[PDB]
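[1] any chance you could fold what I've pasted below:
(chains A, B, C, D and E)
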Amino acid sequence: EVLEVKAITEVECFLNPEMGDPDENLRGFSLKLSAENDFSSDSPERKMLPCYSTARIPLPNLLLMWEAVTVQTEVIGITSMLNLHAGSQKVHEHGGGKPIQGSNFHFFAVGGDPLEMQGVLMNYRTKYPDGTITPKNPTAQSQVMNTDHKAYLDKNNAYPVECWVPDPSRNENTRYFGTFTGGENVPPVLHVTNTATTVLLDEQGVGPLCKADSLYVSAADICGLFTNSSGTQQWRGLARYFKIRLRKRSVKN
Amino acid sequence: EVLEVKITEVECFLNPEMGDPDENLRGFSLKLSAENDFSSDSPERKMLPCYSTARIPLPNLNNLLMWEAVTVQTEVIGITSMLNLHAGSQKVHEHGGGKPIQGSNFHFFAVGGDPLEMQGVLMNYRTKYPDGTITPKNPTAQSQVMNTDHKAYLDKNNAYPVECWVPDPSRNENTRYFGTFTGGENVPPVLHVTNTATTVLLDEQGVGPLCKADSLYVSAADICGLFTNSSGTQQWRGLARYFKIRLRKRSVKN
Amino acid sequence: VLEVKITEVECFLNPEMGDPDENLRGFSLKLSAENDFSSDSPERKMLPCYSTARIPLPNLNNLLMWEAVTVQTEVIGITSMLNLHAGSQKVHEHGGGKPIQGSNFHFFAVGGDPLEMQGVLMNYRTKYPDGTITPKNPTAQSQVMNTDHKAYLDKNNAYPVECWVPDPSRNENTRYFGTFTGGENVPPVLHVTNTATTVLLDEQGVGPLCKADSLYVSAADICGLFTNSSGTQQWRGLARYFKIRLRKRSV
Amino acid sequence: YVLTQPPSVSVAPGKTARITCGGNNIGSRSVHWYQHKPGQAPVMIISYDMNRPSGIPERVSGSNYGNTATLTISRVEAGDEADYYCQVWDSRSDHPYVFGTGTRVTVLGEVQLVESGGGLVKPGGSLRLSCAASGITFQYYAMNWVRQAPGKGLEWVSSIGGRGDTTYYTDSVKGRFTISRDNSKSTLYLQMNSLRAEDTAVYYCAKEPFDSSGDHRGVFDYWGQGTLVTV
Amino acid sequence: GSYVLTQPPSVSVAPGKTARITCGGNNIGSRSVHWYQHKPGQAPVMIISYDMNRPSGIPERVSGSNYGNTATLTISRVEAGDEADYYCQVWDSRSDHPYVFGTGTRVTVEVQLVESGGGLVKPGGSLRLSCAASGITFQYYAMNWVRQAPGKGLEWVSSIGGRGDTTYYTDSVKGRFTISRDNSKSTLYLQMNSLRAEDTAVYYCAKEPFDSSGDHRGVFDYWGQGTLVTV
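    Residues are numbered from 1 along each chain as shown, chains lettered A, B, ... in the order given. There you are, the coordinates:
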């Protein structure tokens, strides 16, 4: 029930990644990946599974509502992948370590409500670990589109990236952006600049309207697989920074 | 026939038809055969991805009025499901994770006021296509290039093999289509999601698809690549496609 | 060329990849290799050739001419390559067949005159087959630029793609567009849409003027190499569709 | 449509067995093959002319050209001794599922389908068969009844779509037999009224492959052990 | 002013040795030379196309070369089966006699084309030969008649385009022979009127390669067994 624009505020924040964190010294990393389990008997270790990062930022109490108008975002520590001297398997005899490479996913969202998500599984029979929130009573229909699998991204380090996507049939009050690049040898390509901004206004010129004076930010930044000397592989993630410009917007009630 | 403009949204998720070799492998094809001679190639029906289609009924209208499709929002659903490298996939090397889905892919959708119109072209005209599928009829060597005899309406779900049919650019006056084919062993799948992107369906004269019999047609093929099992066998993997279509009332004569 | 005074013409142009026999139409003969530059007599059915068509337009007769304003074009049969069950060599044991991949060339041209072409050879001493029209009296300069090698695309299954390129020194009544992507493992990337149109108008707002009420369409769509179970490689091509919007122009 | 099979074939262990299936332009149709051992569920061994299901050895191969489809079994073992049937499906026909007359092969030397309700019945009386399916979501599967009368071949009886919305009967039973389905209980029904002596047979429950609409596919890819109906 | 190809009349070779057959022509290196093997009472076989290209089924021992004024057929590791007649051949699109055959070399150590209508006739009489082609779409193929008179070489008689639009004849038969084709029946015709004794020969039907326009290519890539006409 939106009126004219009323003034302006910035919120700056970073979301640390949830790649699994198999031990403290492997923060930003997943547990080593298992392989070749049958679809009948697949119990992944919780620390093997990257999850979506999310947080709810409280806004000034202020009818008026906070309207998110722009976002500046980048992935933090992209240069840390130039360490080829520690942990990585040598590309060949006398050579340097193997760069992180392979499947990656880069996603963020800004909304006046929890990001709304749809469930889809590679394997509906996957036994997901206690502590994670995955599609409930999944069927073979869950390997394609099953409209029963709706969730709110309402908990950090809980929703496995592999089970959930932003739901394009909802998120009236959220903007989301994601790219998936799959493959063994996909080179990670990441750009940084403090000159880029993303407008959050819709076709009617209205950005996300923050309900309960609350801004929601969400992200997944899986950069690719790290290959140890042993040949084992781990996901590597990086934090995402957000700067969000909000304005006061008048609404009826 | 089309006069002055006189609004509705329709939403749909269209499931893929990759072959479905059994319930537990829904969204996959049967394992691919290889090295059949052109002269004796009978593919199993479950080996062959087909185009997805559905006819969405619109509000009954009634100088007659028709639903005009003006924009579409569409994305592929479940792209992150390919981050499961722990189940079924062959290890990339000893002690390593499973192989990501990769290889030849095709991403296609259409919105129209009539069934999508398609043209037949075959890798191998002598291919013996399986009962239950609808493929070019009385094909010749000319069917391996352009043979104008192979015209079809995408008028049945899970029937028209992707490998035999393309959108016909010589027709589809009342449909907009978009497709990308990327072929190769190691093609990385690249898929974007955002609820901020829209595609305008209006033509050069500012007229979108006009829905005959208050029916909207949506069509899609989203083959994401090949899944490699531990055995080394390969299967197509597909994902569903979501459509949100904005329509308006349009006046037309007789 | 004076002020403007509508018609559409549609065409499918079939590819000329060599056609080693009826059952392999759209394909070439297996590729030969390691021939000395001094002793190379390629078979005609090994060499892809440029496709051309002269579409007769309505007789118009301060004379009026047909002016091509727009072109809609796409490659036909891009989904035929999802067949990995016939002819192709397994990518590995128990696996499906090798996708068509490799060096590719995608070209189209619309004009009111035959497409003008320039000749460059990889080997000037190549003995090109009878039936083919290749650079005449070729010298070492034919491996770089020899301005003597001018031709008109004026016969189908005649002009070898590997010997001819569109002449940027000519083609004033022809708009041309091509892309070469070379490599062993180059992924074929092909798009299809009925929403895209290319304007054929120049800096003065004049498109191709059709001479002798004749519109010329030209194409080369090599999609890459088909590796058979043998290890033999053949070229694979697809047809190209044209829809051309013309208007009457005073001249 | 008529499918002709030689009644019997004899083969030494290690040798090759060839079973022909004759039909007017059968090469233009998808032929499936079934192995049937006495008192056992038939097994599908070839689909669409030459495709082997998972678990069928490379020795088993299929061919189809002109007027003859051929089942070839190489390096023949004792276990290969059984009845072999070809089968086609014509969506656009009065009798859409057709079996071959069958071939007796002598060598010289998860999903469950459980049928019930078989027994003894007065001629002119009534009997209802059930098939309890296990480990599949039932509305995604066209289901079929196929019978074998004493000393006769497999005969297709009735077919129903996954939704329950498409039903086909052989002329023999049209008007007397009724095929029905309860997807909530995953159960297939055959209501047999006006019973005849010609209806004495083992009644097999036959699953078609998973289909997103539960459509008819023309393939019996899994069978129950059968139930005896004696009149 | 019609092109001449010179071949040594005979060559002798021991088993295992190499046989070399020359084909002389004014600047023959500037033309595409094809080679045919011909055993008595058999269809000629094309063994080399465009100077050095071996058709599928021809062994690596068979090689072709062409430079300056001499084209050369080389057969290495010679077998008994290599004993036959060998002909070179060129094609000049812009010439009165566009198919020129060589004089032949006696060497001492699917698609079907069926000819009919051969027989015995009074000199001055008439005869029509037919060629029934099988397994090809006929309008995509330039077709040819080639004859061998007793103790003479292969002589090109007549050529026709796939469409039926490009008639070529040797001076010898000009105005007495007419070549025709019915692509609906996939049949080639040779109407021979005003017959002479010089016309006594085996008449061979010769297919050119598949062409999208059925153009003349200058290559006889498949032959029939022939039909004899005695006059």
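[2] now the closest residue to chain C within chain D: closest residue in space that isn't a chain neighbour?
    Per C-beta to the nearest C-beta, residue D:51 is where chain D lies closest to chain C, at 10.2 Å. For the C-beta atoms, the positions are set from N, CA and C on the backbone; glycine is no exception. Spatially, and ignoring its direct neighbours in sequence, residue D:51 is nearest to residue B:44 (3.9 Å; C-beta to C-beta, 6 or more residues apart in numbering or on different chains).
[3] give the contact list for that neighbour.
    When contacts are counted by C-beta atoms under 8 Å, 6 or more residues apart in numbering or on different chains, residue B:44 touches B:19, B:30, B:33, B:130, D:47-48, D:51.
[4] just these: which are in helices?
    Assignment to helices by DSSP state H places none of those there.
[5] closest to residue B:205 out of the residues you listed?
    residue B:19 (40.8 Å; C-beta to C-beta).
[6] what's the distance between the residue sitting nearest the centre point of chain A and residue C:52?
    The centre of chain A sits closest to residue A:220, judged by C-alpha atoms, centre = their mean, with a distance of 1.9 Å. Counting by C-beta to C-beta, to the nearest Å, the gap between residue A:220 and residue C:52 amounts to 52 Å.
[7] cool, and residue D:159?
    Distance, residue D:159 to residue C:52, by C-beta to C-beta: 55 Å.
[8] cool, and residue D:184?
    Taking C-beta to C-beta, one finds residue D:184 at 65 Å from residue C:52.
[9] next one: residue D:105
    Relative to residue C:52, and taking C-beta to C-beta, residue D:105 is found at 60 Å.
[10] need the contact list for the residue of chain D found nearest chain A.
    Closest residue of chain D to chain A, C-beta to the nearest C-beta: residue D:137 (6.6 Å). Shown in contact with residue D:137 (C-beta under 8 Å, 6+ apart): A:139-140, B:23.
[11] find the closest residue to chain B in the stretch 51-200 of chain A.
    For the stretch 51-200 of chain A, the residue closest to chain B is residue A:120, as judged by C-beta to the nearest C-beta, at 2.6 Å.
[12] against chain D, how distant is residue A:186?
    32 Å (C-beta to the nearest C-beta, to the nearest Å).
[13] from residue A:229, how far out is that residue?
    From residue A:186 to residue A:229 the distance is 22 Å (C-beta to C-beta).
[14] again, but for residue D:82
    Per C-beta to C-beta, residue D:82 is found 55 Å from residue A:229.
[15] for residue 70, name its beta-bridge partners.
    Going with chain A. Beta-bridge pairing of residue A:70 under DSSP bridges involves residue A:199, residue A:245.
[16] oops, wrong one, chain D.
    Applying DSSP bridges to residue D:70, the residues it is bridged with are residue D:20, residue D:63.
[17] so it sits right up against residue D:17, yeah?
    No. Contact criterion C-beta atoms under 8 Å: residue D:70 and residue D:17 do not qualify, at 10.5 Å.
[18] ok, these two, which is more surrounded?
    When neighbours are counted by other C-beta atoms under 10 Å in any protein chain shown, residue D:70 and residue D:17 differ, and residue D:17 comes out ahead with 22 against 18.
[19] ok, now which ones touch the more buried one?
    Each residue near residue D:17 by C-beta under 8 Å, 6+ apart is listed here: D:9, D:11, D:71-73, D:76, D:80, D:105.
[20] which among those residues end up buried?
    D:9, D:11, D:71, D:73, D:76, D:80, D:105 (16 or more other C-beta atoms under 10 Å in any protein chain shown).
[21] do you know how far the closest residue to the second one other than its chain neighbours is from chain E?
    Okay, so that is residue D:11. Excluding its sequence neighbours, the residue lying closest to residue D:11 (C-beta to C-beta, 6+ apart) is residue D:17, at 4.3 Å. Relative to chain E, residue D:17 is positioned 29 Å away (C-beta to the nearest C-beta).
[22] and residue A:190, by the same measure?
    Taking C-beta to the nearest C-beta, one finds residue A:190 at 50 Å from chain E.
[23] residue D:208 now?
    Distance of residue D:208 to chain E, computed by C-beta to the nearest C-beta: 38 Å.
[24] what of residue A:126?
    Taking C-beta to the nearest C-beta as the measure, residue A:126 falls 51 Å from chain E.
[25] what's the answer for residue D:147, then?
    45 Å.
[26] report the contact partners of the residue nearest to that residue when sequence neighbours are not counted.
    Of all residues not flanking residue D:147 in the chain, residue D:201 sits nearest, at 3.7 Å (C-beta to C-beta, 6+ apart). The neighbours of residue D:201, taking C-beta under 8 Å, 6+ apart as the test, are D:147-150, D:155, D:228-229.
[27] send the alpha carbons of stretch A:28-42 over as PDB?
    Output in PDB follows, covering the C-alpha atoms of stretch A:28-42 (Å, rounded to 0.1, in the frame of the first residue of the first chain):
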ATOM      1  CA  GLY A  28      36.200 -21.100   5.000                       C
ATOM      2  CA  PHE A  29      36.600 -24.700   3.800                       C
ATOM      3  CA  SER A  30      34.300 -27.800   3.700                       C
ATOM      4  CA  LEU A  31      35.200 -31.300   4.900                       C
ATOM      5  CA  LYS A  32      36.900 -33.400   2.100                       C
ATOM      6  CA  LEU A  33      34.300 -34.600  -0.400                       C
ATOM      7  CA  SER A  34      33.200 -38.300  -0.400                       C
ATOM      8  CA  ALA A  35      32.400 -39.900  -3.900                       C
ATOM      9  CA  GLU A  36      30.600 -42.800  -5.600                       C
ATOM     10  CA  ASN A  37      28.000 -43.400  -2.800                       C
ATOM     11  CA  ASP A  38      24.800 -45.100  -4.200                       C
ATOM     12  CA  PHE A  39      21.700 -42.900  -4.300                       C
ATOM     13  CA  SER A  40      20.300 -45.600  -1.900                       C
ATOM     14  CA  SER A  41      22.900 -45.000   0.800                       C
ATOM     15  CA  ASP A  42      24.100 -41.400   0.800                       C
END
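[28] what residues does chain D put near chain A?
    For chain D, the contact set with chain A under C-beta under 8 Å from any C-beta of the partner chain comprises D:137, D:210.
[29] returning to what we had before: surely the residue of chain D closest to chain C is in contact with residue B:42?
    Yes. Using C-beta under 8 Å, residue D:51 is in contact with residue B:42, at 7.0 Å.
[30] got the contact list for the residue nearest to residue D:143 when sequence neighbours are not counted?
    Setting aside the residues directly before and after it, residue D:143 is nearest to residue D:188 in space (C-beta to C-beta, 6+ apart), at 4.6 Å. Contacts for residue D:188 (C-beta under 8 Å, 6+ apart) come out as D:130-131, D:133, D:143, D:145, D:160, D:179-181, D:205.
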